Each structure stands twice: as structure tokens, then as C-alpha cells.
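Visitor: The listed protein sequences correspond, in order, to chains A and B. Numbered by full-length UniProt numbering, the letters in the first sequence go through residues 81 to 116, 121 to 184, 195 to 452, 457 to 694, 696 to 767 in order. Under full-length UniProt numbering, the second sequence has 497 at position 419, and the numbering climbs by one with no breaks.
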Amino acid sequence: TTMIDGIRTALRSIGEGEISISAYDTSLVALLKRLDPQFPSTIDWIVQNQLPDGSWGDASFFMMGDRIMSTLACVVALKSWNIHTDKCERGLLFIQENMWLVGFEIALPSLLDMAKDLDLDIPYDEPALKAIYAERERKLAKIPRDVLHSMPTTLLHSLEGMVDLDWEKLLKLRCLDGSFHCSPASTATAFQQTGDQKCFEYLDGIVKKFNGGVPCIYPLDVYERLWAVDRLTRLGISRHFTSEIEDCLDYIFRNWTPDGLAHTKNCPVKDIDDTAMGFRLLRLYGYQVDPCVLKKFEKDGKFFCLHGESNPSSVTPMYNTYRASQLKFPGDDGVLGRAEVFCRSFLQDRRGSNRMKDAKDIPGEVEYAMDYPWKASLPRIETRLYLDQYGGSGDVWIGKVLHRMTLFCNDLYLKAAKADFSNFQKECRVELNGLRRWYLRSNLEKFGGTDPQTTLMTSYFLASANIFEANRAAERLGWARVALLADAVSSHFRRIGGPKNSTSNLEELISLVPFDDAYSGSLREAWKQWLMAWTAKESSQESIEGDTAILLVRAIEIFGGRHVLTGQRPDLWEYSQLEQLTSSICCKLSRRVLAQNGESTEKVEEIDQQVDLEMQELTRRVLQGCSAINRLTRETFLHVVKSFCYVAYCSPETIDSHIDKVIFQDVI
Amino acid sequence: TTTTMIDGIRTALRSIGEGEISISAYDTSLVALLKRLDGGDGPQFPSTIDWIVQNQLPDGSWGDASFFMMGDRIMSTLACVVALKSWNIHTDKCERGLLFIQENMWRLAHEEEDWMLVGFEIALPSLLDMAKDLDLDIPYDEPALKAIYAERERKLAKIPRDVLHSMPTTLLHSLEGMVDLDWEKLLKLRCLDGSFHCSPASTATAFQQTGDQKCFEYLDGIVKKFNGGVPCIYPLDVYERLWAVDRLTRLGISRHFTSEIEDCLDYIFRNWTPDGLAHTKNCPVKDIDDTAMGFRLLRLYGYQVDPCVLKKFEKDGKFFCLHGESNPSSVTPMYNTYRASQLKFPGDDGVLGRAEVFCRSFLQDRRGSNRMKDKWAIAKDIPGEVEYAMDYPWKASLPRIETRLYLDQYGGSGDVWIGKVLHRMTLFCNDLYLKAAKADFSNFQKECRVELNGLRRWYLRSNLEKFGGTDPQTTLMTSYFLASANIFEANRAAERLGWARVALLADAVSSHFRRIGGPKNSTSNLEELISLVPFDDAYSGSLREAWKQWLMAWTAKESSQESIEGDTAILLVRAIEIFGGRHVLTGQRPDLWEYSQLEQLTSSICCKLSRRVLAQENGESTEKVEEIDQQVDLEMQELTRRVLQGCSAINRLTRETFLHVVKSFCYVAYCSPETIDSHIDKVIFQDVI
């Protein structure tokens, strides 16, 4: 409990960003001379963050580009100000011996050229040096200088290595805070070249905000929120921070642009990674968002990361787009349709290859996203897996320096999640152990599977994988119980021929569900209808699965005790229409599992193609958080259907390997 | 006036009772033969003879003046003689018409094989014996009789001492002539009013031979309430009610008497037995004609009834009219069960299913035939009644069509009934019923044309013909006609036109929507299109939402396989309910579910319906279509259940609205366009009177 409050106070205090200080950008800001050093606290930061091998940068992850480039950039500060020559050469040793990332081949050449303007014994004569110094010109050539001055671009992030540019038409391109694409390095060098006080103002605040020392990117108010939400959400503890999450999710909605989302509010250049993350979470949490904001990253069928700079697209952004395409609504622009296909192909061509590199388990995160589309993504399934995939402090981010995200790439995030999940597994085992008794002492295993522990186990598991909450135990057990009766009864009819020869008064049977003073009567009425559905759908070809599901949501709605006001006309329609979809969607599923007869891949792929279709209009009506039906009622429909889909799209082998991994393979 | 005629039928319906039936000369003169109880020499009921004298027909016959039947005139005519002569009074008129028997007796040989009177072959030979005794000049040696005489004896072979005297049979109706019977075991058999199978005649013979004063009360009861004179069967409290309802219902004017009908329909529910129904409350032998009528009308009017009472009349594969006795089945009783078999619910005992199958076949063997005469009724247009129910099953039976047709089929005062004598039922087979129904129907047609011109104007004024059907002129006509054939009432104009308008708009938009391929290529908004349908401001809020919801359904069901015909049906019923401004006030959980299910079934039925009408002209296969026809028919039963079960908490009017919309979709899919406008012509344009 203390931990939840820990994450809460961290989220309530959300802001510009929790980022690690970058050694390179801090010393490059140290290089700015008094307006009459200008930030002696940049230097005061520098002296202390020296690693024992005499080097700099990220300590916990050793990277060549990072330890070298961060180390020397601190050196070019200490010696060019002729102070602390003790550590200055002590780290000059590190550079010499280990001489054998973003903007690396642009900021490093201007940093050696800057190393020449001082004296510093460093192997410039490196065979590795010529290969990346050649790419200096291999890129400064494909960049059109007259285009770098016309529209804000990703290049403006590396102006320390840029030579002889028109600042008259460049200051027109900065971010809203005055920064040059949010690099303090690019703004320091832009200030050495022009004294724009709004371009200074970005810099001083960044050092004031950190009491010395400055990161490699700022601010990142959007990226951080979006990703902190997705992370808490996947970890299953999102329910604890509902006001805080909906607090900053609002912020993302406020700053939605028709051109997409950037990593910060005040960056005019947008990227697909942030837009897809934003689009998914905004739609997932019930906001009105239009996916057409994506066609800004489509150029002739292909999907890049920036609007124009057709760079090679990385792996993580395509994952995040693929996920956003999974919340496809039928009324949406086709761009989301095209996006799904492209991103699936991108990640499939790469799945069978270790070319999944960009974080702890990025292939596992991706296998899931591809093997379990939305219709079959049960939140506890994803969450159990995600505990074994979330990197914690292990995740590192590739910027100008190696940097880390304090707020959402946290170790407290895991300790909290694995706690809340263990208590779920504990509450789950006691839950079913109580269920097993209930099943047996009812002469109820005589009906059902030829191994009723298996028909019980999956029937309880589905309900708990979806309605997993602490207190919602009333509903969960109700779902499991009613499910078992329905399975039992369907089994009895299947090997007897129908209610035609129902010798018994099997209406009763609900009295196997314990009497609640508010629950029992209405549950009798719903169960009566499921029976009445059998005798009518009996001597025909329509399946009953549609009505089995419809009964379920009816009970789950009786437990948990919310009713649908029926005087209001649109309240009636939205409910009555949700039932139609669930009745229709589960009936089509039961037709696919019959064609798996077992022949015609062409025919099965037709049924799948249209179930996905009807699922979209359901997913729309369930998430559309303005609809006149209670969000919990809407979730109840989504829960039942997803579980039905889950079952219909999964081998019994895969299904209980999940059961073992979520309920029994204890975390912590 | 129209109001008076409705009041005429009404005040008569309030005064319903034991029967309004016509007097029988035969049953009456047989009661004059009963000598005074107080040991006096005047006949016990002198008012029977008072009646005799007054109604001798001009040819000296007796019986039905308006309908001449030989069998009818002989038995009623001589029975009056064997009365008048047996008291040796009025021998002057006794003779005039004694010759009628003399001259026309030979003609007994011509009668229509099919409709011979009841107990004719038992009660007429019994009447030679009473004439022989009074010694009358009669052709007892008529060769025409030998055929009925000796086929009495073989008729009178199914008499056993053991069965006639242990459990009641219909022979008890005609024991006027019967020898060597043991009344001690026979009185244990009669009906509750004391009659012998409700025959005043048979009860008189049972009185000459048994002084049973608790059975006399029955005869005195008839003679007081009919002021002398006596019907050929009494009482008819169940039959008369059942038939008055079916007639007023098919004549389309049931609604004016909703209270009156629901009164005596209650009278039937109270007296429903697991053995079936008879024509009276107090007759232990039940018959399929009354039992079938009661079941249908009861289930039609929202009563809980179980068809399993029908297997009381199933005798291994066949459907007779009585429980014990297996007899040649007549036409009207099979028609009336067949009509009842149309209301099968999916929960029913199977016998109602099988009966449908039998009488369909029974009536088919007979449709292509001279045989269509009934043994029970002689009605103006009896095959037309059978035509419709045979061609138009429940799902496609629109109430205004049936009623239009029935107006030219109801015989009115012309219908005559076959008992021991020809008798008539004045109450529900009269001319005021027809005069009234045609009135209520003409005022329906007049208002129909007036509305039509409003539709024609409205369709124009909205420019919606730009993309109607091919000829929007008939897509208008039919879409009004479907709505008017169903919601036809006086007041309901609000809903009807709204139905027609919303149907036209919806179809119009769907037409254009197909033209271009979906909203993907739609430059237009269309959301505000309903403002083309007139509407009060204290209503526009919900009609917009229903339409917006329908469009959302379009965008979903596009580039998919499911049709929208379901959702257009939902849209209509949703719209009609808005125009009638009733919503489901606030119900418990099963109220919501029950509504949600009607929407489900309606949408599901109409998709399945529009799945055959494209697989019609496409990949034929009679068996592939019977798969769809089966699948639609099933859903209809569960829906027909959910509409008609009058215990439900959803308003009657909401449920009926679902049936109207679905029935109209059915009518269209199952009707040749050639026939469909013949109906349109006949109900809206081919005016009655």
C-alpha cells in the first residue's frame, strides 16, 4: 500500500520530465562565457560525476559511444577553462586507451575539431575514426542546406557540428520554448552564434531547474505522460491512479494537433511514435480521436516516423502504431487500415530475426501484440507477461547521450505491480478452491466436461482474467458459476437431443447459485430466458453461444447491481444494440470453431475477416466514453466477448499454459 | 349512422347469453306432445302449439322459410302434424301440408349427399312410427326412404348397450326414436343443465319415459325464455361467444368492442377444460371446432393456452372432431383448427405442429374438388375463407387485407346452420355486422386516399425521388400501404404516415447509399436528413437519435455481409414508437431484456428474410431456400410468442408494433409483386359500398 501512494505522489507531481543529467550537454553549456563561466554550476556538476575509471556518462550501462563522447566533452570544458587538470587528464587516459547513437557522426567531428583547438593527446589516428568522419560528409551532403533553413527538422538537434548557417532564417524554426529541437547543446552553440534572449531563457531555466547539470533533451511533458500511462496500464495497476491518469491524459487531449504529437507540447515537428501512443491511449480511455492524423506519415504506401524526413523507421514506433491500429473503429479513415497491414508486415519480416533491436524484453512485448490481437487480449494475460518484460531500471534510451527515465522506467513500478499481482493470484487460488467445492457438492460434475476440473478451471479463469479487481469478487464468481451451469446444461442437451426430450425441471438449477436478497430473483429471470432461448433456437441451425454470452453479461450486471435506466430512449437503444452485437459476434465465432468439416482455409479466413469487422463496431460502442451507458456496463460486454473470442482463437494447450502462468506460476 | 351500428353491435354484445338461435319446428312440436304434469289433458306447455299455429309456411311446410331444404321441410312439417293431429286440433291446416308431405316426399331422394341433417337417419324413421299410429295418409312406401331406413339400422349398429349407457356419446342428441334403453344408467350421462346432449327433443323423449323434474326444468327453461317454441340445440354459450369474436375480429371492428370481447373471452378462459370445449359450458363431450376456435382466439388475445388439448382428438395420425367417436371429418372444423395451428409458439406440445400438417393436407385434397360443402354450415363464401388461410399464413397475413377479403366473404344473414333442423344464429350472423364493418372500412379507405395525397405531396416537396426506387411512384405507394394495412386505426394517423415517411426516407438514403458504395465515398452529411419528416419539437430529440443510430449501423454493416434490412426494421419500429410517444416507463431487468430481444429477433428475421430474396433470383435450389424459409419461420414463432403473450410488462402497443413491422417485411418477401398491388388496389381503391 505504501508503494501505491509512492507512485501516486510521483504522478501527481508530473511535469516537464524526470530525466538523467547528460554529461555532454552539461559541459557544452559550461563553455558559455560570462555575459560581462556563465553557469559555474554546470561545472560544479561536472567535477563530481566522474566515474572511477576516469570516465563519464551513464554508469549503469557501459556503451562505447556514450562513455567516450560524454567523457571528452567534459574534458574540453575542464581544460579549456584550465581548472581541475587532475581529473582532466585522468579521464584523458580513458579516452586514449578505449578509443576502439543519435547525431553521433555530426557532433563528434565538431568535438574533435574542438579538441584540436586545445592540446590533448588523443588517438585521432584511429581506423574507426575515418569511417564515421566519412559519414560526417555522407550526411552533411544529403542534407539540403536551403531546406534545413525552411522547415523545422530533426537536424536542428545537432547544430554543434553544423557549420556556417543563416541564423536569420533559422531562429524562425525553433521550438516554442526557444530551443533548437530541444537540445541544450544545439541551443548553446546557437547562442554562441546569436544572443537571442528567448534562446538564452531556455538554457538558464534548464540549469536552474536542475541546480547545475542539464540533460540531452528537454522538455518532454508529452512523451513522459503517454509512456507512464501505457506502462502503468500494462502493469495492471492503472485502476489505482484513475484520477491522476485521467488528469494528464486530458493534457494529451489538450495538446492534440492535426499534424500529430511530438515528444513535447512545444515542438512543432511531430513523430509517429508519440502520435500512435497518444492515439491509442486517448481512444482507449474514451476520448474522441481521429486516426487521420496518421496520414501525415504515409508517403506512397509507406509509413515513416517523421513528416518528411523519410528516415529508416525503427522497431519500437511500429509496435506502437500496430497497437494503435488495433483499436480500429469502422468509421475511421482508412489510414489506420493501411497502417495495420504495413506495421504487421514490418514486425513479421523481423520476428524470425534477432533484428528486433532498437529495453529488457522487446521481442516478448511484440510476440504478444501480434499473437493476441485486441479481440483476444485479456488484461491479466498481458499483465502477467508484462511483469516478466518490464525492464525497470534496465531500460535505457538512445539519445545524444545514454539517458534514463526516472518516472516511468522505475524499480518501484515493478515492486508495486508484482505485489498487486501476487495478491491477485492468492485471492484467485482461494477463489477457485471455494469454487471447486461449489461445483462438486452440486452433483454438477456429473454434467459437463469429461474432466470437469478442466471445464471449471477455464470457466473460472476467463472470468478472473477479465474482472480481476479486488472487490469485484461478487461478479467474478457469479460469472464463473453461471458459466458452469450453462456449460453443464448445454452438455446435457447435446447428448440427449434437446429440450424436446428434457425430462427434467432444469429451470430451477440456479438455486445452485447462493441466495442473495437482491441477486437471486433477477438471476432466475435471466436464466429462465437462456432456457427459453434453447427451445426456440432448438430445432434450427442458429447456435446458442450468442445467448450463452448474452446471459452472462446479464448476470454480471445483476451482480454488481447496476441497472440500465429504461425510460431514456437512447439508454435503451445503446443497451439493446450492444446485446445484438454480442449475440451476433459470439454466434459467428461458434461457426468458425465448427469449420475448424475442418477444411477450407479460405472459408475460415472469411469468417475471421467478418468477426473482426463486427468486433470493431462493438469496440467502438464500448469505449465511446460519451455513450449513454455506464462505463462499467460497457466493460461487461467487452469482457464477455473478449473471453469468448479468446477461447475460440486458442488451443486448449495454449489456454492453460496461460492458466498456469497467470494463476499458479507465482510472481514474487 | 355508423355510431349507432357500433352501438347496435355493442349493446347486443353486452347482453350475450345462452344463445340467440332460431326456433325449430321439429324440436318444438315434439315438446307439445308432453302431457300435463298435474294429470291434466291439456299439453304441458300450450305455448309450443301456440307457436306451431302461427308459423306455417305458405306451401304448408314448416322450417326455414328463407332456405328450402327437402330433409328440413319434411321432418319439421310432419312433426307439426303429428303434434296437431295428436291433440286433434286445427285439423284443417293439419291437412294443408299433410299433402305437402304427400307430394314432396319422393324428393327426399335428391338431397345433397354432403349436408344431410343431424340424426336424420334415426329421427325420421322414428317419425313414421308416430304417423302410422295416428294413421295418416303418407307414402310410408316411398322408395326414396328405403335408403335411409336400412342405413339407420347399420348406423344404429355402433350402438352397444355397453358404450351408449356408460359414457356420453352424441347419440344422446337424437334418441327421440330409440327402443329398449335403460334410463337408470342413462340419466348418469346427461349435460349439466339436464338436457340429453343439449337436444330439447331428446330430453322430451327422455321425459315421456322418466318423470325427472330436474330435467324438465331444462325444457321449461327453454319454453319460458323463447315464449313458446324451442331451438334444435341449446344452450350455445361458448360457441356463440367464440363465433361472435372471430367474426367481429375478421370484420376488423373488434377494436370498438375491446371491452366487450375481453369480457366474454374471459368467459371462455374460465371454462377452458383439459378435455376441450363444447358448444356449451355444460357438455362433457368436446369438439375440435369449438376447441380449436377457443384456443386460437384466446391465444390471439394474449391469453395463456396450451395446445396439448388437441391430442384429445388425435387418433393415430388423424384428427377427428370428437374424442371417442372417429367420424368423417368435415371442412369447417379442419379450417378452424388449421387457422389455430398458425399461432404455434416454439415451446408448444408437438400436436399443434402435426395438426397443421394434417389439415393443410386435408384441405388440399378438398380444395381441388367439388367437395367444399360443409356438414355444419352453409355460408356465402366458404372456399374464400379457406383460400386465404391456405395461401396467406400468419407471418404474411396483414389485418386490413384479410378484413378487405372477408367483407366479400361474410354471408351475414344468409348463413344457415345444420342441426336436427336448419337453424340460424341471429346474434353474430346478421346483416348489421356486415353493414357496420363496411362502414368502418369505407371511412378507412377515405382517410387512406387523403393520407396518400399527403405522402405524394410530401415525397415531392422533399425532392426525395431524385434517388427513390426505379419508379419511386410505387415504392411510395407500397410503403404507405404496408403501414396502412397494419396500423389502420382512426387515431393512429400520426404513426402510420410517420412509418411511411421514415420508410421512404430510409429506403431513399439506402438507394443512394448503394449507388455510390458507402459513406466512404459520401460527400454529404445526411445526419440532419430526418428534419424532412414533420415533427413536434417535444419529440425531435429522440427521432434524430434513432436515425443517427441507423446511419451508424450503415457505416458498420457496409463492406460486410450482413444486411441493413434488420436495422431499417429496427429504425421503423423505433420511429413508430416515437410517433406514439410511449416508452417503457421504468421496468425491472426482464422488461429491458424482453425489449432487447424484440429488437434482436426483428433484426435477425429481416436479415434472414433479405437473405432468401437475394438467393431467390441467384443460386436457386428449392432445398437451399427451404433452409432459409425454415429458419425464418422458426424465429417468427418465438417472436409471435413474445408479441402475443399478454402477461408481458411491455405495453401491448409496443409489442404489436414489432409484429406490424416484421409482418410487413414478410409480406413483401413472400408475395408476387403482381399480387401485392392487387391487394393495394383491393384494400385502398376498390371501395366497398
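The beta carbon of each residue, even a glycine, is placed where N, CA and C say it ideally should be.
Grouping DSSP H, G and I as helix and E and B as strand, with all else coil, what is residue 456 of chain B?
Guide: If you number the second sequence from 1, residue 456 of chain B lands on position 378. Note: residue 456 of chain B maps to strand in three-state DSSP.
Visitor: For residue 668 of chain A, collect the residues of the same chain with a Cβ closer than 6 Å to its Cβ; drop the 5 residues on either side in sequence, then sort them by chain order.
Guide: Along the first sequence, one-based indexing puts residue 668 of chain A at 570. Cβ neighbours of residue 668 of chain A beyond the five flanking positions: 727.
Visitor: Going along the chain, which unbroken runs of the alpha helix (DSSP H) with 4 or more residues stay wholly within the stretch 378-428 of chain A?
Guide: The stretch 378-428 of chain A contains these whole alpha helix (DSSP H) runs: 409-420.
Visitor: Using only alpha-carbon positions, find the residue among A:86, A:172 and A:632 that is nearest to residue 425 of chain B.
Guide: Taking the second sequence and counting its residues from 1, one reaches residue 425 of chain B at position 347. Nearest option by C-alpha distance: A:632.
Visitor: From what residue to what residue does the alpha helix (DSSP H) around residue 651 of chain A run?
Guide: Within the first sequence, the letter at position 553 stands for residue 651 of chain A. Run containing residue 651 of chain A: 643-656, per the alpha helix (DSSP H) assignment.
Visitor: Quick check on residue 732 of chain B: does DSSP put it in helix, strand or coil?
Guide: Here residue 732 of chain B refers to the residue found at position 654 of the second sequence. Three-state result, residue 732 of chain B: helix.
Visitor: By a C-beta neighbour count over all protein chains shown, 10 Å radius and 16 as the cutoff for buried, is residue 550 of chain B buried or exposed?
Guide: In the second sequence, residue 550 of chain B corresponds to position 472, counting from 1. Result: buried.
Visitor: If we count Cβ pairs, one from each stretch, closer than 8 Å, do we get three or more for the stretch 521-533 of chain A versus the stretch 713-732 of chain A?
Guide: No, they do not touch.
Visitor: If the cut is a Cβ gap below 7 Å, which residues of chain B does residue 625 of chain A touch?
Guide: By one-based count along the first sequence, residue 625 of chain A stands at place 527. Going along chain B, no residue has its Cβ under 7 Å from residue 625 of chain A, so there is no contact; the nearest lies around 11 Å.
Visitor: Which complete beta strand (DSSP E) runs does the stretch 471-505 of chain B hold, if anything under 3 residues is left out?
Guide: Entirely contained in the stretch 471-505 of chain B, the beta strand (DSSP E) runs reaching 3 residues are, in chain order, 494-496.
Visitor: Using a Cβ-Cβ cutoff of 7 Å, what residues of the stretch 671-697 of chain B are near chain A? List them in chain order.
Guide: Here the close residues are 671, 673, 674, 677, 678 and 681.
Visitor: May I have a chain-ordered list of the alpha helix (DSSP H) segments no shorter than 4 residues that lie completely inside the stretch 542-586 of chain B?
Guide: Here the runs fully enclosed are 550-564.
Visitor: Please confirm whether residue 149 of chain B and residue 190 of chain B have their CB atoms less than 7 Å apart.
Guide: By 1-based counting over the second sequence, the position of residue 149 of chain B is 71. By 1-based counting over the second sequence, the position of residue 190 of chain B is 112. No, the Cβ-Cβ distance between residue 149 of chain B and residue 190 of chain B is not below 7 Å.
Visitor: Beta carbon of residue 716 of chain A, beta carbon of residue 647 of chain B: below 7 Å?
Guide: Position 617 of the first sequence holds residue 716 of chain A. Position 569 of the second sequence holds residue 647 of chain B. No, they are not a contact pair.
Visitor: Can you tell me the Cβ-Cβ gap for residue 499 of chain B and residue 310 of chain B, rounded? I've got them flagged as a contact below 8 Å.
Guide: As a working mapping, residue 499 of chain B is identified with position 421 in the second sequence. As a working mapping, residue 310 of chain B is identified with position 232 in the second sequence. Contact holds; Cβ gap of about 5 Å.
Visitor: Check whether the Cβ of residue 471 of chain B lies closer than 7 Å to any Cβ atom in chain A.
Guide: As a working mapping, residue 471 of chain B is identified with position 393 in the second sequence. No, residue 471 of chain B lies away from the interface with chain A (no Cβ there is under 7 Å from its Cβ).
Visitor: Looking at the structure shown, is residue 164 of chain A part of a helix, part of a strand, or coil, going by DSSP?
Guide: Within the first sequence, numbered from 1, the residue matching residue 164 of chain A stands at position 80. Coil, per DSSP.
Visitor: Count the CB pairs spanning the stretch 561-569 of chain B and the stretch 478-486 of chain B that are closer than 8 Å, and state whether there are at least three.
Guide: Yes, since at least three Cβ pairs between the stretch 561-569 of chain B and the stretch 478-486 of chain B fall closer than 8 Å, the two stretches touch.
Visitor: Are the CB atoms of residue 643 of chain A and residue 735 of chain A nearer to each other than 7 Å?
Guide: Residue numbering aside, residue 643 of chain A sits at position 545 when the first sequence is read from its first letter. Residue numbering aside, residue 735 of chain A sits at position 636 when the first sequence is read from its first letter. Not a contact, by the Cβ cut-off of 7 Å.
Visitor: Identify each residue in the stretch 702-720 of chain A for which the Cβ-Cβ distance to at least one residue of chain B is less than 7 Å, and report them in chain order.
Guide: Residues passing the 7 Å Cβ filter: 709, 712 and 716.
Visitor: To which residues of the same chain is residue 383 of chain B closer than 6 Å at the C-beta, ignoring the five residues directly before and after it?
Guide: Against the second sequence, residue 383 of chain B aligns to sequence position 305. Closer than 6 Å at the Cβ level, and outside the excluded window around residue 383 of chain B, lie 373, 376 and 377.
Visitor: So, for residue 673 of chain B: in the same chain, excluding its five sequence neighbours on each side, which residues have a beta-carbon less than 7 Å away from its beta-carbon?
Guide: By 1-based counting over the second sequence, the position of residue 673 of chain B is 595. The residues are 662 and 728.
Visitor: Below 7 Å between beta carbons: does that hold for residue 512 of chain B and residue 484 of chain B?
Guide: As a first step, residue 512 of chain B is located in the second sequence; it is residue number 434 there, counting from the start. As a first step, residue 484 of chain B is located in the second sequence; it is residue number 406 there, counting from the start. Their beta carbons are not under 7 Å apart, which means residue 512 of chain B does not touch residue 484 of chain B by this criterion.
Visitor: What would DSSP say about residue 106 of chain A, mapped onto helix, strand or coil?
Guide: What you label residue 106 of chain A is simply residue 26 of the first sequence in a count that begins at 1. Residue 106 of chain A falls in the helix class under three-state DSSP.
Visitor: Let me know the secondary structure DSSP gives residue 99 of chain A once reduced to three states.
Guide: As a working note, residue 99 of chain A is residue 19 in the first sequence. Residue 99 of chain A: strand per DSSP, three-state reduction.
Visitor: Name the DSSP bridge partner or partners of residue 274 of chain A?
Guide: For the purposes of this step, residue 274 of chain A is taken as residue 180 along the first sequence, with counting starting at 1. Partner(s): A:277.
Visitor: Give a yes or no on whether the C-beta atoms belonging to residue 362 of chain A and residue 429 of chain A are separated by under 7 Å.
Guide: Counted from its first residue, the first sequence places residue 362 of chain A at position 268. Counted from its first residue, the first sequence places residue 429 of chain A at position 335. Not a contact, by the Cβ cut-off of 7 Å.
Visitor: Starting from the C-beta of residue 454 of chain A, find all residues in its chain whose C-beta is less than 7 Å away, skip the five residues before and the five after it, and write them out in chain order.
Guide: As shown, the structure holds no coordinates for residue 454 of chain A; chain A passes over it, running from 452 to 457.
Visitor: Check residue 121 of chain B in the structure and name its three-state DSSP category.
Guide: Here residue 121 of chain B corresponds to residue number 43 of the second sequence, with the count starting at 1. DSSP places residue 121 of chain B in strand when its eight states are reduced to three.
Visitor: Tell me which residues share the same chain as residue 137 of chain A and place their Cβ nearer than 7 Å to its Cβ, disregarding the 5 neighbours each side in the sequence.
Guide: By one-based count along the first sequence, residue 137 of chain A stands at place 53. Answer for residue 137 of chain A: 178, listed in chain order.
Visitor: Quick check on residue 308 of chain A: does DSSP put it in helix, strand or coil?
Guide: Locating residue 308 of chain A in the first sequence gives position 214, where the first residue counts as 1. Of the three classes helix, strand and coil, the one that applies to residue 308 of chain A here is strand, per DSSP.
Visitor: Over the uninterrupted alpha helix (DSSP H) stretch that includes residue 717 of chain A, give me the two end residues.
Guide: Working through the first sequence from its first residue, we reach residue 717 of chain A at position 618. Counting along the chain, the alpha helix (DSSP H) containing residue 717 of chain A begins and ends at 700-722.
Visitor: Could you pull the start and end residues of the alpha helix (DSSP H) that residue 523 of chain A belongs to?
Guide: As a first step, residue 523 of chain A must be located in the first sequence, where it is residue number 425. Looking at the DSSP string, the run of the alpha helix (DSSP H) that includes residue 523 of chain A is 509-538.
Visitor: According to DSSP, is residue 115 of chain B helix, strand or coil?
Guide: For the purposes of this step, residue 115 of chain B is taken as the residue at position 37 of the second sequence. In the structure shown, residue 115 of chain B sits in coil (DSSP, three-state: anything other than H, G, I, E or B).
Visitor: Would the beta-carbon of residue 558 of chain A fall within 7 Å of that of residue 533 of chain A?
Guide: As a first step, residue 558 of chain A is located in the first sequence; it is residue number 460 there, counting from the start. As a first step, residue 533 of chain A is located in the first sequence; it is residue number 435 there, counting from the start. Going by C-beta atoms, residue 558 of chain A is nearer than 7 Å to residue 533 of chain A.
Visitor: DSSP state of residue 753 of chain A, grouped into three classes?
Guide: Walking along the first sequence from the start, residue 753 of chain A turns up at place 654. Looking at residue 753 of chain A - three-state DSSP - the assignment turns out to be helix.
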